[PDB]
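There is one chain below, alone, in structure tokens, taken in the form deposited in one PDB entry.
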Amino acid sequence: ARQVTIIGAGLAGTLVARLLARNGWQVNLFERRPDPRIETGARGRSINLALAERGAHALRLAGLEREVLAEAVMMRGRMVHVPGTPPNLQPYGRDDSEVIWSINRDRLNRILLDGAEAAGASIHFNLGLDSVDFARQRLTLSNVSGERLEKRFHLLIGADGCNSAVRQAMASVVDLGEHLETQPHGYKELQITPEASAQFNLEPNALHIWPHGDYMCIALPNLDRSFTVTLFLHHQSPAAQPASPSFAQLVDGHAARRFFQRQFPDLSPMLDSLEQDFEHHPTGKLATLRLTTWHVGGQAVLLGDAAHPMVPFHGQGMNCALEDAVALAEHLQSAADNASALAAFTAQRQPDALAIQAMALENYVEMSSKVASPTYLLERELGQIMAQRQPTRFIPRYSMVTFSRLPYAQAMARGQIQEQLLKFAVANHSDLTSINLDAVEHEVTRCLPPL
């Protein structure tokens, strides 16, 4: 039996443990945190994630999809809150079967843990990886108090998150070629209670966005009708724009409140504990981390956030993580040896991780400044016409990322061609009446191969 050691019982680590264990691998999975299935007196505060086709299909192959969806809230469309008009629901894709699911992270983790153990994996909690010795094939683990334990390993999978100890240990034996790109936006999570969302008739079965240019709020629903609101806002004000809103200017809850009443006046009444949340929840940091290589020979490979931290603006990090786990399990299961498997995995997935990293950055502009401009409206309306006349050629980029399993690089490449097609068609035209539709359709057929 082939043996594998996995660091991190997060989303990618637990899924890959399930897929390998049920193929007969001996799987040991080590996790720094305690087991979240052991109930304690602490008050767990878990956020929700948007689960889409790529994540859903990976769970479907694992036999876990139905269990996960039982606990998920359907989001049928995007509820855009633009000042001056009523909130406007934009359906996802073309028909009612194209939805995103809002799923609690801790519930998903528990389901995945149960699934890995049922497939035969052994999960060891309260053991955090501290270092690796690649030449002696040993690693050092330790509990919180610092007491250390050594284990031999044969194949090591670093599924240990954006601050991966495995990636750090790989920097001893190979150049990963890391480039960290910081992001000027931080984020803060605020809460809407069920009473407040019910009192203000906030739609539960939708994803809600409050665009506002260089800042914005997003809200995902929970099963109990509460919402978690995420404010994205610059850490610091730029020197050129010294009065522009930023976190540094929101020192306490009362400034926060005046900000929301002025700039989000229909959302402010719903955030009852805006003051308290603002001061006791930490401001989070966003960053994109790109690696030229993900593995060391046949000994160790990264996946998930350990491999490609990305900004959350597409809701694709977990979706990408689950899709990585599927691909890593398939390559390991079928390769001549572990070395060939890890090379072929990195070669397949690294271009795709780059593509989704780039699309997540760009999607910030789409969500916060594009959805409210006159020019983008005309293009989106021409885009839906094109999807109807050429359905296998013109597939909107958001739809290819979110509702298909087209490799992310091909989605990006086709999206760039569509974007420039729509951009030139609508330029110097104010209405849809002055646009030659068959001209645009002819460029779809000349430039977009059918799927």
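By rigid core we mean the largest C-alpha set that fits within 1.5 Å across both forms. The first residue of the sequence shown is number 1, and the count goes up from there.
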Legend entry - Comparing 210-218 and 106-114 where Cα RMS over structures and residues is taken in 7 other deposited structures of this protein (core fit), larger one: 210-218
Inset, instruction - Name the stretch, 294-302 or 84-92, whose C-alpha atoms sit farther from the shown form on average in 7 other deposited structures of this protein, taking the rigid core as the superposition reference. - result: 84-92
Legend entry - Unresolved residue 365 in a third or more of other entries flanked by modelled residues: no
Inset, instruction - Pick between 216-224 and 254-262: the one whose mean CA B-factor in the entry is higher. - result: 254-262
Inset, instruction - Would you tell me which stretch averages the higher CA B-factor in the PDB entry, 194-202 or 367-375? - result: 367-375
Inset, instruction - In terms of CA temperature factor as recorded, identify the highest of 162, 342, 119, 135. - result: 135
Inset, instruction - Choose from 330, 114, 323, 96 the residue with the greatest Cα B-factor as stated in the PDB record. - result: 96
Legend entry - Third of chain Cα B-factors occupied by residue 418: middle
Legend entry - Ranked against its chain, the third holding the CA B-factor of residue 130: middle
Inset, instruction - Using the B-factor values recorded in the entry, state whether the Cα atom of residue 34 falls in the lowest, middle or highest third among the modelled residues of its chain. - result: lowest
Legend entry - Third of the chain, ranked by Cα B-factor, where residue 173 sits: highest
Inset, instruction - Just say lowest, middle or highest third for the CA B-factor of residue 387 relative to the other modelled residues in its chain. - result: highest
